[PDB]
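Beneath this line is the structure, given in structure tokens, with notes to follow.
Convention: sequence-line order gives letters A, B, ...; per-chain numbering from 1. When reading the values below, keep in mind they use all heavy atoms of this one structure, side chains included, and skip hydrogens, waters and symmetry mates.
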Amino acid sequence: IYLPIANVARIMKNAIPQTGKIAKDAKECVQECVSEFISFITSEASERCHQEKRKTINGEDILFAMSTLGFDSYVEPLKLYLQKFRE
Amino acid sequence: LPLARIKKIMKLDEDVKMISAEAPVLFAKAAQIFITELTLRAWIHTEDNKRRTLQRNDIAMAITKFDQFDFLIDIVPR
């Protein structure tokens, strides 16, 4: 299961020169990596959730996992995004 | 990004049955940040090879140069 290739490709295209190109195989590779990223973080968030005596993995569980697994730089941007999403 | 798809990906893990409504929202933004950094880093090798097309081997190379991507080493090996 992957995020739509078109969505992935659009973000990829915005990160390279206007005339740069991306091989189909590379888009599929990033698709694979994104799902692996979500699974990696989710596994740790699930453990955290369980240790906190809960069953529904929440935002704090996800952010704890990101900070614990080496993605702490994602935390502040994510908090701002979620705040704007729900305001 | 469609949130239902993100939720489906999370649930591929058999032990994940209940997910907060906010978790997929956080992942939608996280996915954008991740794809951007991963692509930018792969492109470093695309340019080093004087190519204009980003390839899987560029991604595999990028993965070996960033500690944050250690989890992908066996997923996209050089």
If we ignore hydrogens and angles and just use 3.5 Å, is the side chain of A/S43 paired with the main-chain N or O of A/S39 as donor and acceptor?
yes

Quick one: side-chain contact (heavy atoms from CB on, under 4.5 Å) partners of A/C49, sequence neighbours excluded?
A/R54, A/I57, A/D61

Would you give the length of the straight line joining atom OG1 of A/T42 to atom CE of B/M10, rounded to the nearest 0.5 angstrom?
3.5 Å

Once side-chain contact (heavy atoms from CB on, under 4.5 Å) is applied, do any residues pair with A/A23, and if so which ones, sequence neighbours excluded?
A/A26, B/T53

Which residue pairs satisfy the side-chain hydrogen bond (donor to acceptor under 3.5 Å, both in side chains) criterion with at least one member in residues 74-87 of chain A, sequence neighbours excluded?
A/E76-A/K79, A/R86-B/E22

Spacing of CD1 belonging to A/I62 relative to CG belonging to A/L78, to within rounding of 0.5 Å:
9.5 Å

So which pairs with a foot in residues 68-78 of chain B pass side-chain hydrogen bond (donor to acceptor under 3.5 Å, both in side chains), sequence neighbours left out?
none

Determine, stepwise, if the pair B/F27 / A/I41 fulfils side chain to side chain contact (heavy atoms under 4.5 Å, CB included).
CA-CA 9 Å; B/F27 272 129; A/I41 299 301; 3.7 Å; yes

Other ILVMFWY residues reachable from B/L40 by side-chain steps of under 4.5 Å
B/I44

For residues 51-61 of chain B, which residue pairs pass the salt bridge (charged side-chain N to carboxylate O under 4.0 Å, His left out) check, not counting sequence neighbours?
A/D25-B/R56, A/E32-B/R56, B/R51-B/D58

Give the minimum heavy-atom separation between A/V75 and A/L63, together with the two atoms involved.
CG2-O, 3.9 Å

Going by side chain to side chain donor-acceptor pair (under 3.5 Å), name the residues that satisfy it together with A/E28, two or more places apart in sequence or in a different chain.
A/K24

Measuring from B/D13:CG to B/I19:CD1, what's the distance to the nearest 0.5 Å?
9.5 Å

Donor-acceptor side-chain pairing of A/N58 and B/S20 below 3.5 angstrom
no

What pairs with B/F66 under ring pair (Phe, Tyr, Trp, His ring centres under 6.0 Å), at least two apart in sequence or on another chain?
B/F69

State which residues pass salt bridge (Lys or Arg N to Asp or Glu O under 4.0 Å) with A/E52; sequence neighbours excluded, sorted by chain then number.
A/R48

Applying side-chain hydrogen bond (donor to acceptor under 3.5 Å, both in side chains) as the test, list every pair that has at least one member in residues 6-16 of chain A; sequence neighbours left out.
none

Contacts of B/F71 meeting side-chain contact (heavy atoms from CB on, under 4.5 Å) (sequence neighbours excluded), chain-then-number -> A/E36, A/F37, A/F40, A/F71, B/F34

Please identify each residue that fulfils salt bridge (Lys or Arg N to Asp or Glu O under 4.0 Å) with B/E37, with sequence neighbours left out.
B/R41

